[PDB]
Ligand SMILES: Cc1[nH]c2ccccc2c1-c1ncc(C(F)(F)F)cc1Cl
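Single chain ahead, written as structure tokens, the form solved without the ligand.
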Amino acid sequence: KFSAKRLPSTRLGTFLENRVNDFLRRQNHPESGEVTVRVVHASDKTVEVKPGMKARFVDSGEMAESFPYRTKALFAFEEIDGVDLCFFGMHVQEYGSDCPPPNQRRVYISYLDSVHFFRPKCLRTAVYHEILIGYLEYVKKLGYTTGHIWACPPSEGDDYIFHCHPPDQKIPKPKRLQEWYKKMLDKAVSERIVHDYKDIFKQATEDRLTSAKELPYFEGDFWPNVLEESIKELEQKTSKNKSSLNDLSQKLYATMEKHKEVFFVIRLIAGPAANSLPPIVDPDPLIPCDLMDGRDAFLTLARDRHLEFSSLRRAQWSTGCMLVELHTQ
């Protein structure tokens, strides 16, 4: 027995678990258990502007070469019949106040994962929502002004965090997923945490973006790849001399409009408040941990040790083995 509670605490983990546990005590369903939330990885990294954008905007001195962020991995656990189950995982990128524009004071959710056995089932969505809303409230309080979600569904073919999901864990279709995020965000608005939210196209237009260098540039996100493909397309075109008598931006706006419902921009701090904030100071220390850096290490260790999250039983066993790995290391 190495319970989840034994892992080192953080201000972030504590704030999230308090919000969940408080919510659950309000509901007072007899099936629910205590929820533990632990940050198991935090390190400092940079996202590099890829070759095409570098040539056009970095090399000309118009855009930073890379953007510093803090990556965090965290997990939520539920005690079920006296035994911790890992049911939720999240990886985020946090761009602080010392980050050059356009990434300044922005959080991006890299990946969400879950193992759908939260007990009771009827509170499962609500709990997921409380974690996400809590995360937004927490980073708002530190002074992050904007959250960013890429709201596409996972593939059976490529596990985000947990190796081997339940065969009957249901992957949403795009429109259902988008509605899930809106319901979460609507609750956040009603709690006066999120001021408002927009699709990326409406957000860009209102900020009067005119150059791609002004678009937030996140590690592994859709938009850096779009820009690389667009730039390649543009530089492939030749044309002959004319007779006597912003393409990039136009392509960007076109692609943004086409895909707008997938990409959410979440305004946490609005209007004058946003202009005169103090520095962002994160009270939590770095947490080196090779196992929980990126995704491949933990997926590798689960593959190699035949751990699965495909049933409650197996998921509890994998939880236990994971926790024992996190202690020993």
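From 1 onward, residues are counted along the sequence shown.
Unresolved deposited residues in the interval that joins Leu245 and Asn246: The entry has a long gap there, with 10 or more residues left out between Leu245 and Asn246.
Tell me which stretch, 294-302 or 46-54, has the higher mean Cα B-factor listed in the entry. 294-302 has the higher mean C-alpha B-factor.
Entry-level comparison of average CA B-factors, 23-31 and 60-68, reporting the higher stretch: The deposited B-factors put 23-31 ahead on the C-alpha mean.
Options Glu235, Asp199, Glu229, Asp113 - largest CA temperature factor per the record: Across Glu235, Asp199, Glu229, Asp113, the entry lists the biggest C-alpha B-factor for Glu235.
Considering only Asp221, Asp84, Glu94, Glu214, which residue's Cα atom bears the greatest B-factor as recorded? Highest C-alpha B-factor among the listed options: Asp84.
Please rank the C-alpha B-factors of the chain's modelled residues and tell me whether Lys140 sits in the lowest, middle or highest third. Middle third by C-alpha B-factor.
Can you tell me which third, lowest, middle or highest, the CA B-factor of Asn225 falls into for its chain? For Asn225, the deposited C-alpha B-factor lands in the lowest third.
Where does the C-alpha B-factor of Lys170 rank in its chain, lowest, middle or highest third? It falls in the middle third of the chain.
State the tercile, meaning the lowest, middle or highest third, of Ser190 with respect to the CA B-factors recorded for its chain. CA B-factor rank for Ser190: highest third.
Within this chain's modelled residues, let me know which third the CA B factor of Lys251 belongs to: lowest, middle or highest. Ranked within chain, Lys251 CA B lands in the highest tercile.
One more form of this protein exists, namely the form deposited with the ligand bound; it is left out here, but the text below deals with it.
Of the residues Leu85, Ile200, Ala73, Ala188, which one places a heavy atom within 4.5 Å of the ligand in the bound PDB entry? Result of the distance check: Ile200.
Given that the ligand is left out here, which of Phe263, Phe298, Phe57, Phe67 has a heavy atom within 4.5 Å of it in the bound PDB entry? Partner contact (heavy atom, 4.5 Å) among the options: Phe263.
Please name which of the stretches 133-141, 201-209, 188-196, 77-85 has residues with heavy atoms lying within 4.5 Å of the ligand in the bound PDB entry. Looking at the other structure, the answer is 201-209.
Would you check, heavy atoms only and a 4.5 Å threshold, whether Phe117 touches the ligand in the bound PDB entry? Flag for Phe117 set to no.
Does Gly96 reach the ligand in the bound PDB entry, with heavy atoms at most 4.5 Å apart? Flag for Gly96 set to no.
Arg105 near the ligand in the bound PDB entry, any heavy atom under 4.5 Å? No, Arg105 is distant from the partner.
For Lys213, is any heavy atom within 4.5 Å of the ligand in the bound PDB entry, or not? Output for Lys213 is no: heavy atoms all beyond 4.5 Å of the ligand.
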